[PDB]
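*Asks:* One structure follows; several queries about it will come next.
There are 4 protein chains.
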Amino acid sequence: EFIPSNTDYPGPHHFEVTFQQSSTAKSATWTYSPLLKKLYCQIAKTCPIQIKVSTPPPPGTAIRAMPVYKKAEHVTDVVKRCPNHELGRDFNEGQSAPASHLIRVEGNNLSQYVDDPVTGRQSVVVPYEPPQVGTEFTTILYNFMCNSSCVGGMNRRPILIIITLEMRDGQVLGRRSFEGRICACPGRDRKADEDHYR
Amino acid sequence: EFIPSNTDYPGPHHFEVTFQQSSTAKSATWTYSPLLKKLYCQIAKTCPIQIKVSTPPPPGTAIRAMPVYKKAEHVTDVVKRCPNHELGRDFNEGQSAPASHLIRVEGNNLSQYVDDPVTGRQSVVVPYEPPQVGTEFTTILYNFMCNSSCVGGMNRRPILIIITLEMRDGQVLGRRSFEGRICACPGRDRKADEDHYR
Amino acid sequence: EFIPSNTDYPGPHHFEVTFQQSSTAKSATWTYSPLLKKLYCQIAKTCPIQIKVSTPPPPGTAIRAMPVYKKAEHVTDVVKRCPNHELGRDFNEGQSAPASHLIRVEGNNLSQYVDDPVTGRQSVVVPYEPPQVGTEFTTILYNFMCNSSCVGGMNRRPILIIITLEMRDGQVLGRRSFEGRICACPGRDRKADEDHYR
Amino acid sequence: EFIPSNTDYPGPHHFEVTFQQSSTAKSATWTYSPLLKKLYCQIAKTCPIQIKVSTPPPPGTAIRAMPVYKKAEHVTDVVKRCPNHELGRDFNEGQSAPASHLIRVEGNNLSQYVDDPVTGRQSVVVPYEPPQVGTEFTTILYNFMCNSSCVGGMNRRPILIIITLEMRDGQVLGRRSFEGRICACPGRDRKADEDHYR
DNA sequence: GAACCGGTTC
DNA sequence: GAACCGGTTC
DNA sequence: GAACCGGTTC
DNA sequence: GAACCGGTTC
Ligand SMILES: [Zn+2]
Ligand SMILES: [Zn+2]
Ligand SMILES: [Zn+2]
Ligand SMILES: [Zn+2]
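Protein chains in written order, with the entry's author numbering: chain B, 113 to 310; chain B', 113 to 310; chain A, 113 to 310; chain A', 113 to 310. A prime marks a further copy of an entry chain.
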């Protein structure tokens, strides 16, 4: 509970998370690599994800997004927004999301922003909502409010964003995860990591 | 309910929406592309649509027109009229439609203009009326009160206009949708998008 | 007093207005062509001018900037900021100067933005200051708050910016003028008009 | 008094500012190019300057350093430390000098950091001291507390550091100036700009 | 110090 | 989108 | 900065 | 309807 675990766990109610097709254009505001499981996004731009289920009934259950550093040494640094932005003008005046928080949800007002008093981890939870009438989809709109590259926060040390499905008491029914990179050029970053790997 | 769903849904009372033939002339005030499902219209000019039914009886039921941005990032921006028009002279003095609204209905005085107090979405609903004695047709006259290209509103980010058929309690019995583009030259825009695609 | 005169007028003090050399790079934030006597600048960016005089004072003199339309038919529309600029966030909240004004002054706190209660012309007046010791001219930082290209205000009808040096009682002691253009690309625009006269 | 003059001004005492030879090694903590009159230094490292005068006093004279932006459009933003520097641990706790200030003085306890309550310009003043016996110049140790490269404060718009020698009542007796650049690599940066003029 | 990256401008 | 810049890696 | 689009004039 | 213009995209 004190240290987040970072392993894929479908659990008994299969938990699956996918992405509608993202542009293969260099100008896309966000894009996901199925080869690497890496999300490339831009600051403050909605990158939506779809969580999908086939056996959706538990009660009052929610989904958490919790950012974590992959590399061992900072893993004990609470991930947060690096000092100029948490405190800049451009995205501080608008929401009730804590200025200190890295991850926001944009289309949901039943969002609960958690800053753990004991562990200090900050994450964002939404109540589970079945899809809108008739199909796999259920969209959550995330907003990333800083770069991976930023001074004071991640400082160019890549982070995995872990999404967990949880019962009201916190017990995990499903969880999946992938690493996220928040640069000013996700289409170019997508192509490059992939180039070096092949 | 907070985020509009944008998928075609005929529903149990088949819901179908069509267009009488529009000019293939470059001077047409409006025109629809069956290939792309894209409506090209001009500011403030009546572009009528026909909704048709074969099994028309529910009670007090209505049809909604609700504009939505297609692209993910603004989808959380309430679609509205960009600051010079909501506030210009030319179409503000005339109707009780809210100056802030993008979509109006012209031949109907039982129009109810909804500005959601909770979600903030603005849409226009009319009570369902059977056709005038004897044929498929039932016309609704829409007026688009700003360009897609306009500064402050859509700002050149294309929007889909979703028409839903709803019972008095709001439950959807039919819905269909298509993307709309509101330029100063719909005949030319029709020909061009279509050129690039083929 | 009701319709402004639009002619250059050297004073007893030989009022002259000049501009420092501006980068001729297209990336310049503003550039004047001495040839056509017209200023090209960018929205909201500081655009300083040079006044030079042969003698000083007399006590209490001021300098006014008042924009006026060159075409005969618009001259009776008071020239003001367009409704989209007038009502936005970017520069209305941070300023104490009235929002309807096209012309602002930067770094000067005794600026008086005159909105004639009677004629309605808007201008900005500062008290005359002799130059800083040993310099030839006192710089004034203007800010132009709408583009020539703008909808609702100036609307693509070119403007002359009239600069008058006047005693407290209003009599004109010096006068000069130039036509002003406020686009989003001043190096290119300057270059294109210059290409066009020949 | 409201907008600073940005011109070199020898006083009655022939105020001159020079710099000792700096290692030309790229490992130098700071290096000035006499050719371009611009200083290259490193964050938080002592960067001393030489003043020379032809005559002393008169009683009670002081020396001010005030940074000001070279580009016209930023000149009205008060130049200060960027929020990341302003609020950190490395140099805020150990110093009694105000954190918002770009310029600090080392080893001098009667330094007065002036934050104009009225104009808001920040500068640092020390009383003039004649040189130590038999030396030509009195050294002042400045510390620059944000990089030119910094986010939120200076943000990659070059700065002139204005050094003025002034009587207690504020009148300027001498003046000199240079453009300042505070990067993480001064020998290389100096060398690159110098390569570039020719 | 030379080589690298990743945000910024043209 | 390409070329440039400037702190960081090693 | 060059190339693109989409509203405006001739 | 064709040619021009001028902020925006990339
Ligand atoms: Zn940041
Ligand atoms: Zn509009
Ligand atoms: Zn305007
Ligand atoms: Zn800083």
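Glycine residues also receive a C-beta, built at the ideal position from the N, C-alpha and C atoms.
1) Please specify which runs of the beta strand (DSSP E), each continuous and at least 3 residues long, are wholly inside the region 121–148 of chain B', giving them in chain order.
2) Against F114 (chain A'), what residues of chain A qualify as contacts under a CB-to-CB distance less than 7 Å, listed in chain order?
3) Between the Cα of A174 (chain A') and the Cα atoms of A':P242, A':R310, A':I294, which residue gives the shortest distance?
4) Pick from A:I155, A:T231, A:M266: whose alpha carbon is nearest that of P116 (chain A)?
5) In the structure shown, what three-state DSSP assignment does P168 (chain B') receive?
6) Does the beta-carbon distance from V191 (chain B') to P179 (chain B') come in below 7 Å?
7) Quick check: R288 (chain B) and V165 (chain B), are their CB atoms within less than 7 Å of each other?
8) For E198 (chain A), which three-state DSSP category applies?
9) So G200 (chain B') contacts chain A; which residues on that side make the cut at Cβ distance below 8 Å?
10) Identify whether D227 (chain B') lies in helix, strand or coil by the three-state DSSP scheme.
11) Determine, for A184 (chain B'), whether the minimum Cβ-Cβ distance to residues of chain B falls below 7 Å.
12) State the start and end residues of the unbroken alpha helix (DSSP H) segment that holds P298 (chain A').
13) Could you compute how far the alpha carbon of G265 (chain A') sits from the alpha carbon of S260 (chain B')?
14) For a test of your reading of the model: does the CB of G265 (chain A') fall under 6 Å from any non-hydrogen atom of ligand 4? Yes or no.
15) According to a CB-to-CB cut-off of less than 8 Å, which residues of the region 144–172 of chain B neighbour chain B'?
16) Name the chain A residues that come within less than 7 Å of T119 (chain A'), Cβ to Cβ?
17) Decide if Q234 (chain B') is buried, meaning its Cβ has at least 16 other Cβ atoms within 10 Å, or exposed.
18) Under three-state DSSP, which class holds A177 (chain A')?
19) Opposite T276 (chain B') in the DSSP bridges: which residues?
20) Excluding the 5 residues flanking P195 (chain B) on each side, which residues of the same chain have their C-beta closer than 6 Å to its C-beta?
21) Please confirm whether any heavy atom of ligand 3 lies closer than 6 Å to the CB of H213 (chain A).
22) So which residues of chain B' does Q244 (chain B) contact, with C-beta pairs closer than 7 Å?
23) Would you call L222 (chain B') buried or exposed, if buried means 16 or more other Cβ atoms sit within 10 Å of its Cβ?
24) Using a cut-off of 7 Å between C-beta atoms, extract the partners of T141 (chain B) located in chain B'.
25) Please compile the residues from chain B' whose C-beta is within a distance smaller than 8 Å of the C-beta of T251 (chain B).
26) Can you tell me the Cα-Cα spacing of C262 (chain A') and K149 (chain A), whole angstroms?
27) Roughly how many whole angstroms lie between the Cα atoms of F131 (chain A') and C159 (chain A')?
28) Please decide whether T188 (chain A') counts as near chain A, where near means a Cβ-Cβ distance under 7 Å.
29) What residue range does the beta strand (DSSP E) around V237 (chain B) cover?
30) So which of A':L151, A':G123, A':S135, A':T119 has the shortest CA-CA distance to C295 (chain A')?
31) What would DSSP say about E218 (chain B'), mapped onto helix, strand or coil?
32) Which residues of chain B have a Cβ atom closer than 8 Å to the Cβ of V284 (chain B'), listed in chain order?
33) State the start and end residues of the unbroken beta strand (DSSP E) segment that holds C153 (chain A).
34) Locate the beta strand (DSSP E) running through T251 (chain B), then write down its first and last residues.
*Replies:* On the basis of the coordinates in this document:
1) 128–130, 142–145
2) Residue 114 (chain A') sits at position 2 when you count from the first residue of the fourth sequence. Those within 7 Å of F114 (chain A') in chain A are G219, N220, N221.
3) On the fourth sequence, position 62 is the one that residue 174 (chain A') refers to. Nearest option by C-alpha distance: A':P242.
4) The residue you call residue 116 (chain A) lines up with position 4 of the third sequence. Closest option to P116 (chain A), Cα to Cα, is A:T231.
5) Locating residue 168 (chain B') in the second sequence gives position 56, where the first residue counts as 1. It is coil, neither helix nor strand.
6) Counting from 1 along the second sequence, the entry for residue 191 (chain B') is found at position 79. Counting from 1 along the second sequence, the entry for residue 179 (chain B') is found at position 67. Contact flag set, yes.
7) The residue labelled residue 288 (chain B) in the question sits at position 176 within the first sequence. The residue labelled residue 165 (chain B) in the question sits at position 53 within the first sequence. No; because the gap between Cβ atoms is not below 7 Å, this pair is not in contact.
8) Here residue 198 (chain A) refers to the residue found at position 86 when the third sequence is read from its first residue. Here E198 (chain A) sits in helix by DSSP.
9) Taking the second sequence and counting its residues from 1, the one referred to as residue 200 (chain B') is at position 88. What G200 (chain B') touches in chain A: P195, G264.
10) Numbered from its first residue, the second sequence carries residue 227 (chain B') at position 115. Residue state, collapsed to three classes: strand.
11) Residue 184 (chain B') sits at position 72 when you count from the first residue of the second sequence. Closer than 7 Å to some Cβ of chain B, the Cβ of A184 (chain B') qualifies, so yes.
12) Here residue 298 (chain A') corresponds to residue number 186 of the fourth sequence, with the count starting at 1. Residues 298–309.
13) Indexing the fourth sequence from 1 puts residue 265 (chain A') at position 153. Indexing the second sequence from 1 puts residue 260 (chain B') at position 148. Cα to Cα, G265 (chain A') sits roughly 37 Å from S260 (chain B').
14) What you label residue 265 (chain A') is simply residue 153 of the fourth sequence in a count that begins at 1. Checking every heavy atom of ligand 4 against the Cβ of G265 (chain A'), one is found closer than 6 Å.
15) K157, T158, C159, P160
16) Within the fourth sequence, the letter at position 7 stands for residue 119 (chain A'). The contacting residues are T247.
17) Start at 1 with the first residue of the second sequence, and residue 234 (chain B') comes out as number 122. Under this definition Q234 (chain B') is a buried residue.
18) Counting from one through the fourth sequence, the residue named residue 177 (chain A') turns up at place 65. DSSP places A177 (chain A') in strand when its eight states are reduced to three.
19) Taking the first residue of the second sequence as 1, we reach residue 276 (chain B') at position 164. DSSP lists B':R176, B':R287 as partners of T276 (chain B').
20) On the first sequence, residue 195 (chain B) is found 83 positions in, with the first residue counted as 1. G264, listed in sequence order.
21) Taking the third sequence and counting its residues from 1, one reaches residue 213 (chain A) at position 101. No, the Cβ of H213 (chain A) stays beyond 6 Å of every heavy atom of ligand 3.
22) Your numbering for residue 244 (chain B) matches position 132 in the first sequence. What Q244 (chain B) touches in chain B': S117.
23) On the second sequence, position 110 is the one that residue 222 (chain B') refers to. It counts as exposed.
24) For this step, residue 141 (chain B) is matched to residue 29 along the first sequence. Per Cβ cutoff of 7 Å: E185.
25) Walking along the first sequence from the start, residue 251 (chain B) turns up at place 139. Residues of chain B' passing the Cβ test: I115.
26) For the purposes of this step, residue 262 (chain A') is identified with residue 150 of the fourth sequence, where counting begins at 1. For the purposes of this step, residue 149 (chain A) is identified with residue 37 of the third sequence, where counting begins at 1. Distance between the alpha carbons of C262 (chain A') and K149 (chain A): 39 Å.
27) Within the fourth sequence, numbered from 1, the residue matching residue 131 (chain A') stands at position 19. Within the fourth sequence, numbered from 1, the residue matching residue 159 (chain A') stands at position 47. Roughly 10 Å between the two C-alpha positions.
28) Locating residue 188 (chain A') in the fourth sequence gives position 76, counting from the first residue. At least one chain A Cβ lies under 7 Å of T188 (chain A').
29) The residue given as residue 237 (chain B) occupies position 125 in the first sequence. Residues 234–239.
30) Numbered from its first residue, the fourth sequence carries residue 295 (chain A') at position 183. The residue with the shortest Cα to Cα distance from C295 (chain A') is A':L151.
31) For this step, residue 218 (chain B') is matched to residue 106 along the second sequence. Coil at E218 (chain B'), not helix or strand.
32) As a first step, residue 284 (chain B') must be located in the second sequence, where it is residue number 172. The contacting residues are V245.
33) Within the third sequence, residue 153 (chain A) is the residue found at index 41, counting from 1. Unbroken beta strand (DSSP E) run through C153 (chain A): 150–153.
34) Residue 251 (chain B) sits at position 139 when you count from the first residue of the first sequence. Looking at the DSSP string, the run of the beta strand (DSSP E) that includes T251 (chain B) is 251–256.
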